[PDB]
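K.L.:
Below is one structure. I have some questions about it.
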Amino acid sequence: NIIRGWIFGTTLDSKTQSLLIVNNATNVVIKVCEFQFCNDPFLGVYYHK
Amino acid sequence: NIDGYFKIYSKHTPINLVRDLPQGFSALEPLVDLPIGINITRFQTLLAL
Amino acid sequence: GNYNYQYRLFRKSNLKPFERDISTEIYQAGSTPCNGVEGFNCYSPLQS
Ligand SMILES: *[C@@H]1O[C@H](CO)[C@@H](O[C@@H]2O[C@H](CO)[C@@H](O[C@@H]3O[C@H](CO)[C@@H](O)[C@H](O)[C@@H]3O)[C@H](O)[C@H]2NC(C)=O)[C@H](O)[C@H]1NC(C)=O
């Protein structure tokens, strides 16, 4: 489960409506909201023995 | 994405051969329909690390 | 005085069927550059 989700928009920074899939191990959630994003954002996971 | 609707078709298949693009035939079932409505021009993906 | 109802006055291009827009940037009605908030040929995107 390396890949998690997707984003959709026209400019993707705090000024246009944007769509977001994130698929966690639990129930997936879809949102359509305004958003601001980081330069290289992701959901870095950590191994737990 | 057509006239205020976002349609996603999905399929999960098992493969046990080379990483290259497989041959053979398989169809995609309709997964979900989203009634949102938005201009879309770009997209990007997210992965866990 | 009911002044809470607004709509759009100039737009770059026509919308699509069932498409929503909440833009608030000032429209450059003229070809001159428009910065900040207020100026000539660029005053306001919406009207009440
Ligand atoms: C959905 O979003 C896209 C992305 O912005 C919109 O395309 C944009 O359309 C405008 C209108 O023509 C383009 O503006 C043009 O800019 C050039 C300079 O680059 C200028 O010479 C023209 O006179 C005009 O002002 C803009 O470039 C274009 N964006 C692109 C191609 O990335 C599209 O119109 C939107 N759809 C709706 C229904 O609003």
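Scheme for the structure tokens: letters A, B, ... for chains in order shown; per-chain residue numbers from 1; ligand numbers from 1 in order shown.
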Could you report the residues within 9 Å of ligand 1, using only C-alpha atoms and all ligand atoms, as a list in words?

P.N.:
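With only C-alpha atoms and all ligand atoms and a cut-off of 9 Å, ligand 1 is contacted by residues 9, 10 and 11 of chain A; 38, 39, 40, 41 and 42 of chain B; 11, 12, 13, 14, 15, 16, 19 and 21 of chain C.
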
K.L.:
Hey, can you spit out that residue selection with C-alpha atoms as a short mmCIF file (atom, residue, chain, number, x, y, z; two decimals), in the first residue's frame?

P.N.:
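Final file, out-v2.cif:
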data_model
loop_
_atom_site.label_atom_id
_atom_site.label_comp_id
_atom_site.auth_asym_id
_atom_site.auth_seq_id
_atom_site.Cartn_x
_atom_site.Cartn_y
_atom_site.Cartn_z
CA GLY A 9 -7.90 20.86 -9.62
CA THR A 10 -6.91 23.65 -11.98
CA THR A 11 -4.35 25.50 -9.81
CA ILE B 38 -15.98 21.72 -11.00
CA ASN B 39 -13.54 22.82 -13.68
CA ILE B 40 -10.69 20.29 -13.81
CA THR B 41 -7.48 20.76 -15.78
CA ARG B 42 -4.68 19.10 -13.79
CA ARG C 11 -16.50 36.79 -16.30
CA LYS C 12 -13.59 35.54 -18.40
CA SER C 13 -15.69 32.90 -20.17
CA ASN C 14 -19.03 31.14 -19.91
CA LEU C 15 -19.51 28.35 -17.38
CA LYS C 16 -20.33 24.69 -18.03
CA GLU C 19 -20.55 24.08 -12.67
CA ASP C 21 -17.54 29.21 -9.17
#

K.L.:
For chain B, report every residue with an atom at most 9 Å from chain C (counting only C-alpha atoms), formatted as JSON, numbers by chain.

P.N.:
{"B": [2, 3, 4, 5, 36, 37, 38, 39]}

K.L.:
If we count only C-alpha atoms, what is near region 14-16 of chain A at a cut-off of 6 Å, once residues fewer than 5 positions away on the same chain are taken out, given as a list in words?

P.N.:
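Counting only the stated atoms, we get residues 34, 35 and 36 of chain A.
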
K.L.:
Do you know which residues are at most 8 Å from region 40-47 of chain A counting only C-alpha atoms, after dropping those on the same chain fewer than 6 positions away, and could you put them as a list in words?

P.N.:
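What passes the distance filter is residues 4 of chain A; 46, 47, 48 and 49 of chain B.
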
K.L.:
Write out the residues from the selection above, keeping N, CA, C and O atoms, as a PDB file, in the first residue's frame.

P.N.:
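Below you can see part.pdb, which holds the result:
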ATOM      1  N   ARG A   4      -1.637   6.056  -2.143  1.00  0.00           N
ATOM      2  CA  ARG A   4      -2.755   6.290  -1.239  1.00  0.00           C
ATOM      3  C   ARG A   4      -3.945   6.953  -1.909  1.00  0.00           C
ATOM      4  O   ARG A   4      -5.076   6.481  -1.749  1.00  0.00           O
TER       5      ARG A   4
ATOM      6  N   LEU B  46      -0.614  10.752  -4.885  1.00  0.00           N
ATOM      7  CA  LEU B  46       0.010  10.733  -3.569  1.00  0.00           C
ATOM      8  C   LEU B  46       0.370   9.304  -3.192  1.00  0.00           C
ATOM      9  O   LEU B  46      -0.423   8.379  -3.392  1.00  0.00           O
ATOM     10  N   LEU B  47       1.560   9.128  -2.626  1.00  0.00           N
ATOM     11  CA  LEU B  47       2.038   7.814  -2.227  1.00  0.00           C
ATOM     12  C   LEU B  47       2.648   7.878  -0.834  1.00  0.00           C
ATOM     13  O   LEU B  47       3.239   8.886  -0.441  1.00  0.00           O
ATOM     14  N   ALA B  48       2.493   6.787  -0.090  1.00  0.00           N
ATOM     15  CA  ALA B  48       3.086   6.658   1.231  1.00  0.00           C
ATOM     16  C   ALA B  48       4.516   6.149   1.116  1.00  0.00           C
ATOM     17  O   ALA B  48       4.838   5.333   0.249  1.00  0.00           O
ATOM     18  N   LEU B  49       5.376   6.637   2.006  1.00  0.00           N
ATOM     19  CA  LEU B  49       6.798   6.333   1.966  1.00  0.00           C
ATOM     20  C   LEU B  49       7.262   5.826   3.323  1.00  0.00           C
ATOM     21  O   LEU B  49       6.903   6.389   4.361  1.00  0.00           O
TER      22      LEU B  49
END

K.L.:
Can you pull out the residues contacting residue 31 (chain A)? Cut-off 8 Å, using only C-alpha atoms, and skip same-chain residues under 6 positions away; I want them as a list in words.

P.N.:
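These residues fall inside the cut-off: residues 19, 20 and 21 of chain A.
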
K.L.:
Keeping only C-alpha atoms, write the selected residues as a PDB file, in the first residue's frame.

P.N.:
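Written output follows (result_17.pdb):
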ATOM      1  CA  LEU A  19     -10.949  17.368  -5.083  1.00  0.00           C
ATOM      2  CA  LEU A  20      -9.098  14.892  -2.866  1.00  0.00           C
ATOM      3  CA  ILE A  21      -9.144  11.101  -2.537  1.00  0.00           C
TER       4      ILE A  21
END

K.L.:
Could you give me, as a PyMOL selection string, the residues within 8 Å of region 1-6 of chain C, counting only C-alpha atoms and dropping anything in the same chain fewer than 3 positions from it?

P.N.:
chain C and resi 46-48

K.L.:
Take CA of residue 24 (chain A) and CA of residue 35 (chain B) and report the distance between them in Å, one decimal.

P.N.:
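Rounded to one decimal, the two atoms are 22.3 Å apart.
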
K.L.:
Find the spatial neighbours of residue 32 (chain B), counting only C-alpha atoms, within a cut-off of 10 Å - ignore same-chain residues fewer than 6 positions away - and output them as a PyMOL selection string.

P.N.:
chain B and resi 6-10

K.L.:
For the selection just defined, write its residues with C-alpha atoms to a file, as a JSON list (two decimals), in the first residue's frame.

P.N.:
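What ended up in result-v9.json:
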[["chain", "number", "residue", "atom", "x", "y", "z"],
["B", 6, "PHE", "CA", -17.27, 12.40, -11.92],
["B", 7, "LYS", "CA", -17.38, 8.72, -12.87],
["B", 8, "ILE", "CA", -14.76, 6.25, -11.65],
["B", 9, "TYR", "CA", -14.46, 2.72, -13.05],
["B", 10, "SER", "CA", -12.27, 0.23, -11.19]]

K.L.:
Please, which residues of chain A, numbered as in this document, come out strand (DSSP E or B) from DSSP, as a PyMOL selection string?

P.N.:
chain A and resi 3-9+18-22+29-33

K.L.:
Mind dumping the selected residues with C-alpha atoms as a PDB file, in the first residue's frame?

P.N.:
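This is the output file result_4.pdb:
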ATOM      1  CA  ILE A   3       0.056   4.698  -3.250  1.00  0.00           C
ATOM      2  CA  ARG A   4      -2.755   6.290  -1.239  1.00  0.00           C
ATOM      3  CA  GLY A   5      -4.851   8.762  -3.198  1.00  0.00           C
ATOM      4  CA  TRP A   6      -5.115  11.618  -5.652  1.00  0.00           C
ATOM      5  CA  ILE A   7      -5.847  15.324  -5.989  1.00  0.00           C
ATOM      6  CA  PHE A   8      -7.645  17.185  -8.773  1.00  0.00           C
ATOM      7  CA  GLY A   9      -7.895  20.863  -9.624  1.00  0.00           C
ATOM      8  CA  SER A  18     -10.208  21.082  -5.375  1.00  0.00           C
ATOM      9  CA  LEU A  19     -10.949  17.368  -5.083  1.00  0.00           C
ATOM     10  CA  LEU A  20      -9.098  14.892  -2.866  1.00  0.00           C
ATOM     11  CA  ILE A  21      -9.144  11.101  -2.537  1.00  0.00           C
ATOM     12  CA  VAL A  22      -7.209   9.634   0.371  1.00  0.00           C
ATOM     13  CA  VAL A  29     -13.025   9.362   2.281  1.00  0.00           C
ATOM     14  CA  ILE A  30     -13.600  11.791  -0.601  1.00  0.00           C
ATOM     15  CA  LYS A  31     -13.577  15.551  -0.149  1.00  0.00           C
ATOM     16  CA  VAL A  32     -14.298  18.484  -2.450  1.00  0.00           C
ATOM     17  CA  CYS A  33     -13.023  21.619  -0.716  1.00  0.00           C
TER      18      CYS A  33
END

K.L.:
Could you work out how far CA of residue 23 (chain A) lies from CA of residue 1 (chain A), giving the answer in Å with one decimal?

P.N.:
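A separation of 9.6 Å between them.
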
K.L.:
So what do you get for CA of residue 9 (chain C) versus CA of residue 39 (chain C), distance-wise?

P.N.:
16.5 Å
